[PDB]
């Protein structure tokens, strides 16, 4: 899989980038999935569009989501409802109350209802709890993911999740949860960015990332940053080439394509080859 995201700020730039062709290759050739990060939990079992008035409020609406969806439908690209908990910083409390026994079914229902309402192709879960794991949070989050997975499966829809890239800390969800998440999802985006690479250390090396996904490495997407042309002692293109040669995917955060290296034909050609035809 090859995924990218549209954050809820600077949206005009991301929208322009969707239609770019860098001398013949661009996002329409490289992505299988596109994820507008436009929704948040309300904390009581429901969901909401982003509402911060200093974000791209002119785009937090159904018509703008359908622009993305219709763009992707031309190519067989899938638009994913991306729900996150970072509107005002990363707030795990919004997730913890959503995945409790009282609200969990309502939360799944609200997510799926919104995806169906807009004729989207699946859900990209981007709910982040830095240093927030506990036994209760692990259980409840995995019960949430299993229920969401079963519901989306019956609808023929895709499910992806973004996680922290390490396992040795107390993050949720992180690579210590991959063995339980892999059977439930179509893809996992490891949010390693400049901390993971060919030459990084241990679990954060790309070999270590793939090893932690050993149950189903074809479902792993290595997270790579649009604002850098290199990290961990390799070029952006080299990092993509490692994914190509080692049977994993790529997750590009994000569609602002801020560094010129991500505005080049070569890297989009490589992503197109990783993706394959749709």
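Residue numbers count along the first chain shown, from 1.
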{"property": "Higher-scoring stretch by recorded Cα B factor average, 47-55 or 248-256", "result": "47-55"}
{"property": "14-22 or 263-271, whichever carries the higher mean Cα B-factor", "result": "14-22"}
{"property": "Top residue by Cα temperature factor, when 80, 101, 185, 165 are compared in the entry", "result": "101"}
{"property": "Maximum C-alpha temperature factor, selected from 205, 149, 190, 131", "result": "131"}
{"property": "Residue 90, C-alpha B-factor rank within chain (lowest, middle or highest third)", "result": "highest"}
{"property": "Residue 214, C-alpha B-factor rank within chain (lowest, middle or highest third)", "result": "highest"}
{"property": "Third of the chain, ranked by Cα B-factor, where residue 194 sits", "result": "middle"}
{"property": "Residue 278 - Cα temperature factor, lowest/middle/highest third of chain", "result": "highest"}
{"property": "Lowest, middle or highest third - CA B-factor, residue 126", "result": "lowest"}
